[PDB]
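These notes concern the structure reproduced below.
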Amino acid sequence: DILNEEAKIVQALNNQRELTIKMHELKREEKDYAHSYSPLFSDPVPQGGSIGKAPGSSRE
Amino acid sequence: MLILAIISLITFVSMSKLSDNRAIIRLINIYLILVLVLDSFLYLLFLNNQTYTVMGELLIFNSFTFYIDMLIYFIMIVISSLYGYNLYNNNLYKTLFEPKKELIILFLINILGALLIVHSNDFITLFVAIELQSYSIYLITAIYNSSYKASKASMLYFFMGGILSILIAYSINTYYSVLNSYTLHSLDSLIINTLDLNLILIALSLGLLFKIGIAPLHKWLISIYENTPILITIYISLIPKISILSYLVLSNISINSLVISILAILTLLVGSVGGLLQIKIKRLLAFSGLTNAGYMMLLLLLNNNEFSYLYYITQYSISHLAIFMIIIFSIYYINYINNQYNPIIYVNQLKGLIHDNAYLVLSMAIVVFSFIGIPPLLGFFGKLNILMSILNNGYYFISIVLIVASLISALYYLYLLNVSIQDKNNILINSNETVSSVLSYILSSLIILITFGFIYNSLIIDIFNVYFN
Amino acid sequence: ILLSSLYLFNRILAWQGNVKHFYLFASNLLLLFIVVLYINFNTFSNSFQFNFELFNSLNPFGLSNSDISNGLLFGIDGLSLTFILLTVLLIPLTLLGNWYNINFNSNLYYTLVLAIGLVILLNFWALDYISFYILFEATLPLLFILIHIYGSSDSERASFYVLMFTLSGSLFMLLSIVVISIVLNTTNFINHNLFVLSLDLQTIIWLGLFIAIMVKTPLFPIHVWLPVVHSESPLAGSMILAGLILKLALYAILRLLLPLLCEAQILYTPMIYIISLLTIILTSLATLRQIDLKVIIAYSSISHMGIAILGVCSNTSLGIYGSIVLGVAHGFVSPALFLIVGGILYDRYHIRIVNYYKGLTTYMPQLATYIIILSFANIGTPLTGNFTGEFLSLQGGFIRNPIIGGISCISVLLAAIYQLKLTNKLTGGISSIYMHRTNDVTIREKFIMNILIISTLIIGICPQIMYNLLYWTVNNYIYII
Amino acid sequence: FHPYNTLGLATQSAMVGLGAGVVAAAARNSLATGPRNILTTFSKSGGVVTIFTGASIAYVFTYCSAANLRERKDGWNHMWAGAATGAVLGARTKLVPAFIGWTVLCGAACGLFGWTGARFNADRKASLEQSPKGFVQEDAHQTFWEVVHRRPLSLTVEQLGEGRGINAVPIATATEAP
Amino acid sequence: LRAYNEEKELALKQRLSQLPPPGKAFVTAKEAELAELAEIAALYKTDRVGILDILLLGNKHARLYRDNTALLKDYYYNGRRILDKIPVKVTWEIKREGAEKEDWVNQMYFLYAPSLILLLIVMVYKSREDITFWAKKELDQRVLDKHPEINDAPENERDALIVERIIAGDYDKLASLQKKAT
Amino acid sequence: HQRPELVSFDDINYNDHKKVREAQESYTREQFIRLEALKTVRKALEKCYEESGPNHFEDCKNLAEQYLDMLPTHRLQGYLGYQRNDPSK
Ligand SMILES: CCCCCCCCCCC(CCCCCCCCCC)(CO[C@H]1O[C@@H](CO)[C@H](O[C@@H]2O[C@@H](CO)[C@H](O)[C@@H](O)[C@@H]2O)[C@@H](O)[C@@H]1O)CO[C@H]1O[C@@H](CO)[C@H](O[C@@H]2O[C@@H](CO)[C@H](O)[C@@H](O)[C@@H]2O)[C@@H](O)[C@H]1O
Ligand SMILES: CCCCC/C=C/C/C=C\CCCCCCCC(=O)O[C@H](COC(=O)CCCCCCCCCCCCCCC)COP(=O)([O-])OCC[N+](C)(C)C
Ligand SMILES: CCCCCCCCCCCCCCCCCC(=O)OC[C@H](COP(=O)(O)OCCN)OC(=O)CCCCCCCCCCCCCCCCC
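Residue numbers (the entry's author numbering), protein chains in the order written: chain n, 61 to 120; chain 2, 1 to 469; chain 4, 6 to 486; chain J, 20 to 197; chain S, 48 to 76, 84 to 143, 150 to 242; chain d, 4 to 92.
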């Protein structure tokens with residue numbers, strides 16, 4: 061019984077170690093533009109001013 | 001809610017008599033509390049670290065900024081209680097602590113400036129917010145204009161802060177001249193590799209950091225802290241530091257900076273050593289603030305600093321409020337009142353405080369040992385998190401200097417407790433007037449947080465893992 | 006229960022006004038409870054037994070029944086049970102040794118003393134680096150307050166020493182613990198011998214741990230705080246500081262250092278032996294020119310700690326058993342000597358200078374007999390646990406390095422010199438002219454001294470009686486291929 | 020290790036120390052009270068230019084010289100350089116105990132600086148955050164930040180050396196009869 | 048046990064009020087005043103209340119009784135210290157031989173000391189389950205399991221035969237556990 | 004009388020803590036059995052000497068030599084050396 065209890069405690073401690081390493085790795089994963097900056101207007105490409113819009117100024 | 005309060009307060013205060021001041025402050029106090037408890041649920045927006053750009057990309061809202069805003073609200077509640085509630089009802093205390101007519105408006109406008117600095121996503125937002133906060137803080141420093149020291153301090157603040165505001169503006173305009181942009185969001189890893197922005201970004205960092213008084217530009221702010229009324233000093237030495245540091249933490253524009261490393265080392269050394277020969281309480285606390293600013297400055301050298309910064313700034317704010325409240329409470333037991341703006345000036349005036357109020361000295365002991373970093377007080381866990389962060393990233397020499405500075409500053413922290421637990425010849429027997437129930441409860445809540453907050457450490461980390469990852 | 010017992014405490018305080026009877030009762034119950042735990046402790050098993058977790062996220066105010074361990078772990082094996090028994094034997098005696106000489110603000114004094122005892126007892130239950138470190142530091146502010154308010158004339162300097170030196174060493178230990186934390190993402194003592202760090206990183210982590218050990222033991226050359234702190238402390242402070250707190254360092258060597266940094270420890274052992282030999286010889290010789298009784302007694306502890314270090318770092322079963330036995334025997338005898346010099350003589354005469362004392366045998370024959378007995382116990386006369394500890398420690402040291410342990414054998418002589426030089430003057434000659442006759446030792450003072458002497462004699466005659474708790478321990482930490 | 024050019028590097032140091040001392044003299048002249056003219060800046064300098072120049076020469080020259088002589092680069096060279104710098108700065112006391120104290124203590128502080136990496140910011144690539152960590156894979160060599168469950172006994176014998184319990188073969192296996 | 052009385056207490060206060068402070072209450076060293091000092095000090099060892107009232111009653115009575123006991127203890131111990139006479143028997153008798161229990165004795169002699177005796181007994185009998193005995197038995201059982209015929213031998217020959225078998229053969233398993241050492 | 008099953012470090016996975024604990028205890032118990040064998044040899048040697056007197060040099064030569072042979076190898080050695088090192092590599 062002593063061995064079983066100690067092993068259960070050690071298993072919970074290893075679970076906590078695994079969780080800590082997992083959160084460390086996830087926090088360092090790069091996020092999508094919607095999640096990191098803007099979830100509704102999700103296109104990073106600007107349009108600029110609309111007044112004298114010149115045919116041929118748009119470039120992909 | 002804040003803007004509404006500012007508008008309503010300007011109107012109401014305009015139509016109110018000088019005798020209504022405290023009542024008005026009380027009203028705003030409860031209003032702030034209500035906003036904290038009814039609007040708290042908005043934290044849900046930031047589940048899984050979702051970030052929102054707002055106001056045509058002028059503002060940024062995430063879990064970090066939401067937490068800083070809550071902390072600033074809590075600080076404003078605590079500090080406004082000190083103006084809305086009398087410590088004692090005698091004539092001397094009416095003379096010592098009376099709020100000015102416009103002070104509450106200046107506080108709320110300054111808080112607005114701070115919160116806008118924190119949420120700034122564009123440099124024009126940053127500059128407007130910085131000038132809002134700076135102008136408000138000058139006026140807050142000046143509003144007690146019967147004091148010679150306060151008026152002189154306000155002039156010094158205006159001029160030094162103006163020079164540093166000019167440095168910040170020049171930094172922003174050089175950034176614009178290089179990139180044709182006003183947002184840090186346009187910086188990418190590719191851009192940082194391709195161009196040398198280090199001089200521009202460090203100029204911006206230094207302009208911001210000298211405004212909260214890091215070394216070697218520390219003496220002017222320490223002078224201002226010494227020469228303001230004490231209830232002004234509690235506010236003006238905390239809020240700007242939080243706002244500027246939070247912005248720099250969230251911006252991450254000085255990672256592995258050699259210049260910031262050297263200035264952080266200098267700040268730790270100057271803050272620890274220069275506090276040793278101080279005999280005035282406010283100068284001692286100002287050097288303490290300088291050392292803790294150096295601790296937080298270290299976190300500007302690394303990514304993934306959010307947990308250690310948030311923990312440190314929270315516990316430091318709590319301890320700063322607690323120590324100023326304890327000093328305010330001890331005024332009743334001193335023999336000699338130095339003047340009406342700073343009723344207590346010298347550390348030696350606390351001598352024998354234990355014989356007059358033992359539990360006040362217990363509160364002092366808890367706060368002092370938290371500043372030193374004794375477990376399981378909150379200060380220990382703040383310092384532990386900072387050490388984990390810096391050693392994970394290879395800052396070995398700086399970790400040694402951090403240890404040395406902690407040991408050195410412990411001496412002037414223990415000075416307060418040392419004089420406070422010595423013997424005095426004429427001790428208090430009885431007194432009919434009791435100190436205010438409200439302020440004593442607030443001080444006790446702060447002490448209890450410092451003492452028992454560690455119990456929630458693992459729960460806090462669990463929540464942090466889902467709102468900041 | 007807790008609610009009801011708090012009501013009991015409150016009413017006792019309301020009616021009696023002195024908390025000390027309640028504290029004596031609580032500590033006696035604690036000792037009985039630990040004895041009951043020993044009754045139910047399984048000895049045929051090297052696993053921690055009475056485990057519990059505090060401040061888990063699922064139950065911050067309760068015990069953890071969760072599948073994730075993120076709180077602070079506690080539990081005991083045979084090694085920790087030994088020191089826990091020593092602690093609960095000593096605490097009520099430290100309460101009883103100040104029963105009559107504390108008169109102003111006595112409730113706070115007894116609260117501080119009992120709190121320090123309870124913190125040390127919990128420290129021996131800690132099962133991970135962070136819980137250990139927290140309980141390790143928590144004694145420092147309590148000691149600072151106790152020494153500052155209730156110490157003798159130089160007690161301000163003493164309180165500052167006891168805070169600053171120990172903080173200084175502890176912060177380098179904290180660097181080591183942080184490095185372990187971030188490199189392994191685990192901090193517990195149950196499985197930490199399963200992690201094998203690279204030899205270089207081991208060598209670096211060892212330095213921080215050993216700086217803390219050097220200040221806490223203490224070892225040469227960072228020992229000079231201990232005589233001051235012991236000399237200016239009130240009696241309960243001195244008893245706790247010499248009997249319990251110094252043993253935390255030996256325990257730390259066994260629990261925190263050897264299982265994790267085995268290879269680095271092998272590499273560093275000759276440097277440890279240099280430091281310990283310097284400690285033994287130089288502090289023993291420096292004791293010869295002291296003029297304060299309490300300072301002399303304090304200096305004695307440092308040399309005995311050096312011998313214990315030599316035993317515990319010997320990589321032999323005999324050396325580790327000798328180090329533990331020496332720690333326990335010192336915990337019996339040193340508080341008795343501090344009781345004599347800072348409790349009996351100091352409460353009668355309020356002075357500690359050696360020139361004033363001479364020929365106490367005439368009016369106080371019983372005190373002289375106690376002095377003689379405790380002196381020969383302190384220098385390791387056989388049939389005393391001190392002799393067993395020193396002899397086994399020297400055996401292990403000699404095996405580990407024959408030249409260094411062989412030279413270490415001079416401690417027998419050196420300790421005899423300083424101790425018997427003190428007792429010769431204390432008991433012999435004509436009664437001193439500077440002091441008037443006082444009462445001989447009282448019933449309370451004799452009770453405390455008798456407890457300590459019987460304990461050291463029982464483990465001196467039959468040291469094997471500790472083996473049932475320690476036979477796993479003498480094999481758990483040696484590193485032989 | 021290819022050598023530092025001690026002479027040229029030291030001359031560069033001489034120039035920089037002279038410039039820094041000149042700047043410090045100008046600042047000292049502007050910040051002080053009492054009458055002050057443009058020539059009094061060196062008159063009332065306090066020898067600050069000499070402080071800067073002499074420290075620069077001592078540190079850079081000694082560091083390069085020790086590095087070249089030992090054919091190593093590590094913290095010990097900085098210990099020697101700090102020792103020489105402390106010697107220069109403690110010469111100003113004109114007392115032998117203080118000269119010795121500056122020598123040894125500046126040397127120790129600079130050795131501590133050199134041992135940590137001789138930098139104030141971090142070497143980011145070598146740091147734990149930018150390094151292979153955790154438990155190693157099948158039979159890979161253990162690197163500085165990595166952990167294993169068992170090391171190879173040959174590595175232990177090489178690193179600790181044979182003797183006082185460290186053996187190439189476990190005892191019971193070696194003393195088994197047939 | 049209940050023993051309180053507020054009626055007695057509020058009058059004991061005034062019976063104290065006539066007397067000088069216990070610091071100066073015996074510094075004459084007439085005998086009538088000393089006799090009253092003897093009686094009122096003798097009240098210190100006449101226990102005035104038990105548990106049922108400290109638990110149940112309120113803090114005004116508690117504060118008053120506390121104060122009373124403070125002054126009583128001062129009077130008793132000061133008379134005992136100056137006169138050398140116990141304040142019982150009731151005028152200041154000399155009879156110091158016996159009848160002098162300190163307030164720590166019961167705890168230290170009926171809780172602490174029996175606890176220590178129990179610890180010694182437990183250690184003595186716990187030492188019986190020591191590894192040296194287990195390994196003696198285990199070596200014997202391994203030998204007996206490998207060579208069962210020495211069971212058939214009589215008792216007095218048996219032990220000599222187990223010793224012989226142990227001497228000749230290496231019955232440990234240490235090398236077996238060392239699998240990877242070939 | 005207890006006879007726990009013997010477990011070797013070489014077989015187990017160091018992540019089952021029950022197996023690792025059993026392997027450590029097995030190693031220590033085997034060392035104590037070896038110590039018992041050495042004590043048996045020494046006790047026989049003492050008996051031989053006390054009954055032989057002047058001719059012990061002849062009658063106890065084997066026992067003396069065997070005791071001196073087993074003295075260096077039959078002492079406690081711990082388990083950490085073997086668990087933390089892999090002899091194959
Ligand atoms: C309690 C007392 C505290 C004081 C003692 C601290 C001293 C710290 C020193 C040790 C340490 C930091 C360890 C930090 C660990 C935790 C920190 C502990 C707490 C810190 C408070 C700094 O090591 C420094 O040592 C200096 C020499 O003294 C060097 O000086 C400079 O030298 C010249 C430059 O080239 C210049 O001329 C000049 O710039 C200086 O002269 C530095 O460059 C060097 O980085 C070592 O870390 C590093 O170790 C190496 C190989 O070991 C690791 O890579 C390895 O690569 C293979 C082999 O390479 C291995 O096969 C492989 O397996 C492994 O991957 C690294 O990954 C890294 O980890
Ligand atoms: C009913 C409405 C009442 C809410 C009013 C809150 C006012 C805040 C005022 C002062 C700040 C004090 C510290 C705030 C606690 C952090 C909570 C959290 O867990 O912080 C995490 C982030 O952890 C961190 O970064 C590190 C935080 C460092 C804390 C250091 C101090 C620890 C000691 C505190 C012990 C707790 C006392 C409990 C008493 C039983 C954000 O959590 P969250 O953003 O998801 O919001 C929570 C949901 N909420 C809005 C409903 C509350
Ligand atoms: C301020 C300093 C820093 C503070 C950080 C740490 C604060 C800790 C607060 C003290 C509380 C710890 C002691 C109480 C916890 C033990 C409660 C318990 O029940 O232990 C659980 C353990 C197993 O119980 P269970 O699994 O439920 O099975 C029972 C089967 N009948 O049952 C057992 O095996 C019994 C375990 C006995 C442990 C002995 C504890 C001795 C000391 C107790 C009081 C110490 C108070 C210290 C106060 C000063 C603060 C350090």
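Ideal Cβ positions, reconstructed from N, Cα and C, are used throughout, including at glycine.
Considering only residues of the same chain and omitting the five flanking positions on each side of residue i, which have a CB-CB separation below 7 angstroms?
{"i": "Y17 (chain d)", "result": "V23"}
{"i": "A33 (chain J)", "result": "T72, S75 and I76"}
Could you check if residue i is buried or exposed, using at least 16 other CB atoms within 10 Å of its CB as the buried criterion?
{"i": "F337 (chain 4)", "result": "buried"}
{"i": "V42 (chain J)", "result": "exposed"}
{"i": "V93 (chain 4)", "result": "buried"}
{"i": "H95 (chain n)", "result": "exposed"}
{"i": "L88 (chain J)", "result": "exposed"}
{"i": "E198 (chain S)", "result": "buried"}
{"i": "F380 (chain 2)", "result": "buried"}
{"i": "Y12 (chain 4)", "result": "exposed"}
List the whole-angstrom C-beta distance separating residue i from residue j, where the pair is believed to meet the contact cut-off of C-beta under 8 angstroms.
{"i": "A163 (chain 4)", "j": "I152 (chain 4)", "result": "5 angstroms"}
{"i": "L74 (chain d)", "j": "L48 (chain d)", "result": "Contact doesn't hold; Cβ gap of about 11 angstroms is too wide."}
{"i": "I464 (chain 4)", "j": "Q80 (chain d)", "result": "Not really, about 27 angstroms apart at Cβ, beyond 8 angstroms."}
In the DSSP assignment, find the beta strand (DSSP E) that holds residue i and state where it starts and stops.
{"i": "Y17 (chain d)", "result": "Here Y17 (chain d) belongs to no beta strand (DSSP E), and DSSP marks it neither H nor E."}
{"i": "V166 (chain J)", "result": "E165 to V167"}
Residue i versus chain d: which residues are under 7 angstroms apart at the beta carbon?
{"i": "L234 (chain S)", "result": "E33, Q34 and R37"}
{"i": "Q167 (chain S)", "result": "Per Cβ cutoff of 7 angstroms: no residues; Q167 (chain S) is ~41 angstroms from chain d at best."}
Quick check on the DSSP output: the alpha helix (DSSP H) that includes residue i runs from which residue to which?
{"i": "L425 (chain 4)", "result": "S416 to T432"}
{"i": "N15 (chain 4)", "result": "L7 to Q21"}
Starting from the beta carbon of residue i, find every residue of chain n whose beta carbon is closer than 9 angstroms, and list them in chain order.
{"i": "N304 (chain 2)", "result": "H84, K87 and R88"}
{"i": "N256 (chain 2)", "result": "Those within 9 angstroms of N256 (chain 2) in chain n number zero; the least Cβ separation is about 17 angstroms."}
In chain order, what residues of the same chain lie with their CB nearer than 8 angstroms to the CB of residue i, ignoring the 5 residues before and after it?
{"i": "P99 (chain 2)", "result": "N21, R22, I25, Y83 and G84"}
{"i": "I222 (chain S)", "result": "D200, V203, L204 and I210"}
Within the same chain, show all residues whose beta-carbon is closer than 6 angstroms to that of residue i, passing over the 5 residues directly before and after it, in chain order.
{"i": "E237 (chain 4)", "result": "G156, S157, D159, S160 and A163"}
Listing by chain order, which chain n residues have their CB less than 8 angstroms from the CB of residue i?
{"i": "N18 (chain d)", "result": "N74"}
List, in order along the chain, the chain J residues whose C-beta lies closer than 7 angstroms to that of residue i?
{"i": "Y484 (chain 4)", "result": "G184"}
- Message: Using only Cβ atoms and a threshold of 5 angstroms, which residues come within that distance of a heavy atom of ligand 5? Order them by chain position.
- Response: In the structure on display, ligand 5 does not appear, and the ligands it does have are ligand 1, ligand 2 and ligand 3.
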